[PDB]
Trainee: 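One structure coming up, written as structure tokens, with questions to follow.
Each chain gets a letter, A, B and so on, in the order its sequence line appears, and its residues count up from 1. Atoms within a ligand are numbered from 1 in the order they appear, just like the ligands themselves. What you see below is based on every heavy atom in this structure, not just the backbone, and it leaves out hydrogens, waters and symmetry mates.
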2 protein chains.
Amino acid sequence: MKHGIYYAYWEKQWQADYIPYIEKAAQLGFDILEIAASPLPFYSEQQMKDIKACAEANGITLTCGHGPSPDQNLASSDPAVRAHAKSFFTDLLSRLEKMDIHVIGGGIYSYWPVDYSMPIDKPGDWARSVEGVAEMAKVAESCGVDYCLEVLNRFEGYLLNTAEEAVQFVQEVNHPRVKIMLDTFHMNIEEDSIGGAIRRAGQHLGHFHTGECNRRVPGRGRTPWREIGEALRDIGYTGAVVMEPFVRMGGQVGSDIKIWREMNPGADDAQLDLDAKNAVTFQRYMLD
Amino acid sequence: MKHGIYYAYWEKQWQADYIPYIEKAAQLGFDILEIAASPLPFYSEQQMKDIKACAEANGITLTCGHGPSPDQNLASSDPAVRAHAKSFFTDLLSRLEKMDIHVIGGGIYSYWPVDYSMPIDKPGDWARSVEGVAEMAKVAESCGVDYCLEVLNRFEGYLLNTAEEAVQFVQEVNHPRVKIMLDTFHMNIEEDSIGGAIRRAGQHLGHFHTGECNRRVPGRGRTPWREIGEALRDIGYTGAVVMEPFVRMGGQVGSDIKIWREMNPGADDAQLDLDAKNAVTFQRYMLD
Ligand SMILES: [Mn+2]
Ligand SMILES: [Mn+2]
């Protein structure tokens with residue numbers, strides 16, 4: 001396995017130039033830096049080659065996370081949205097190829113954050129989501145990207161909340177590029193069993209997020225790390241393990257992640273960096 | 001400790017005729033039925049006497065849960081709302097006294113389910129909330145009612161997410177009727193330590209909700225029951241332990257709780273009964 005970290009660990013806003021964070025992951029000992037997809041549609045052809053070059057220069061592979069906008073909801077009962085959602089993802093995946101990224105994961109069968117001020121039709125949206133993700137699988141294949149559907153706690157998604165639901169979903173999609181993505185934070189809320197969830201996913205497992213129950217760095221929480229590493233080894237998982245910690249109050253990040261308390265009472269960015277350095281040292285040692 | 005179940009386990013709305021559930025809780029071995037507050041402002045004087053007499057005839061103790069509407073937000077920056085909230089809780093506490101109910105618990109320092117569309121002002125709402133709760137504490141004292149502030153995960157509340165926060169809040173209030181209420185579902189997300197959260201609440205712990213990580217009945221998940229029974233006994237907790245399992249989709253319970261799958265596929269109410277009877281047997285065994 002390769003071990004990574006989401007960039008938003010350092011940001012207070014959902015937006016940054018990624019090159020500084022590629023360098024930062026290298027100095028702190030990561031193999032992967034995971035980036036958000038939102039700026040990629042607005043990159044120059046040269047801008048994509050800038051980032052691909054710097055990534056390769058540092059020995060770091062890039063992964064991609066994305067929480068779709070409401071305008072990007074492949075499940076929507078509005079035809080015009082489903083058509084645009086397909087527009088966005090088709091263009092996104094080709095730019096992922098140009099940047100030489102082979103993994104995209106998130107609520108990319110729905111939209112994040114969900115708006116529950118609306119009536120929910122899960123069977124209707126489910127069917128539409130499967131059809132639309134099936135179409136996007138063809139594109140993902142042509143660009144060489146694994147299209148990993150993230151299982152989410154009930155407060156952030158409604159279609160895929162358990163690994164069991166994810167299996168039935170990707171089986172109906174029925175395309176090798178559509179894989180399951182699991183997240184220890186989301187798993188900690190919905191799953192009957194953590195090791196059991198990982199084993200249900202099995203060969204369908206294409207991506208893995210790590211984090212503690214309250215989203216601290218791995219090792220500062222009650223996440224069953226020993227059980228997790230046993231289950232990933234049982235299913236021969238060789239993919240990426242990307243820690244997605246959120247410990248900083250304030251900004252749209254602190255507000256979209258619902259951080260309403262300081263998680264590290266007055267600590268400099270040098271404390272966070274060592275916190276990450278220590279966390280990925282612990283992660284490798286628990287899961288490898 | 002006395003052991004209870006929330007009525008809404010069997011019900012899809014935040015209210016119902018409670019008298020059959022009094023009798024059902026008795027039949028299934030429970031000491032307590034917890035009931036929703038929403039219909040009680042509309043009960044006749046004879047109704048209140050009838051349900052008090054029914055609970056006594058069945059050896060059932062009644063507790064009350066409430067998630068306040070936006071018009072009952074004691075932290076509100078609108079003085080008209082704060083005033084209606086205080087009128088609402090004053091009248092409710094009197095009706096609880098008429099019904100021989102001595103516990104109210106929930107997000108009764110805020111409103112539930114918090115819409116996060118508005119900009120959240122935590123330092124300001126906190127200060128407003130403490131003031132309103134301290135004023136309700138005096139009403140609580142006169143009606144013989146413990147006012148228990150439920151600590152909630154970030155997705156459902158923002159003022160009180162950890163027991164450490166609840167301690168600071170209730171010490172600011174400084175009134176023995178304003179107590180902390182913990183819940184295994186919400187602790188499972190936010191707390192660094194389950195046992196450490198309980199020991200931290202300590203003498204301030206006034207009410208306790210149980211439920212598995214995904215809100216199954218106790219014993220059908222990963223809740224650290226042994227660690228919880230140890231910490232409750234270490235701190236000398238002698239209040240109620242009320243399980244609040246949510247296993248069915250639909251109505252406003254499904255919607256406020258975000259129940260997006262049927263937890264026990266095709267389970268009749270006789271099955272949910274057996275599950276509750278087995279769960280409270282387990283709960284007494286683990287916690288007493
Ligand atoms: Mn994630
Ligand atoms: Mn509760």
Trainee: Within 45° of the six-membered ring axis of B:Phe246 and under 6.0 Å from that ring's centre, is NZ or CZ of B:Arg215 located there?
Mentor: no

Trainee: Near the Mn ion (ligand 1), is there an N/O/S atom from A:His186 that is less than 2.8 Å away?
Mentor: no

Trainee: Determine, for A:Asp31 against A:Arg284, whether the closest basic-nitrogen to carboxylate-oxygen distance falls under 4.0 angstrom.
Mentor: yes

Trainee: Report the name of the N/O/S atom of B:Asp183 located nearest to the Mn ion (ligand 2).
Mentor: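 Relative to the Mn ion (ligand 2), the closest nitrogen, oxygen or sulfur of B:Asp183 carries the name OD2.
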
Trainee: Tell me, yes or no, whether the heavy-atom count around A:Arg216 atom CZ, taken from other residues, nucleotides or ligands under 6.0 Å, exceeds 12.
Mentor: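 Above 12, so yes.
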
Trainee: With carbon and hydrogen excluded and only N/O/S kept, which atom of B:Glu244 is nearest the Mn ion (ligand 2)?
Mentor: OE1

Trainee: Starting at CD1 of B:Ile104, measure out to CG of B:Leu149 and round the result to the nearest 0.5 Å.
Mentor: 10.5 Å

Trainee: Where the Mn ion (ligand 1) is the corner point, what angle links ND1 of A:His209 with OE2 of A:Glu150, to 10°?
Mentor: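 Roughly 110°, rounded to 10°.
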
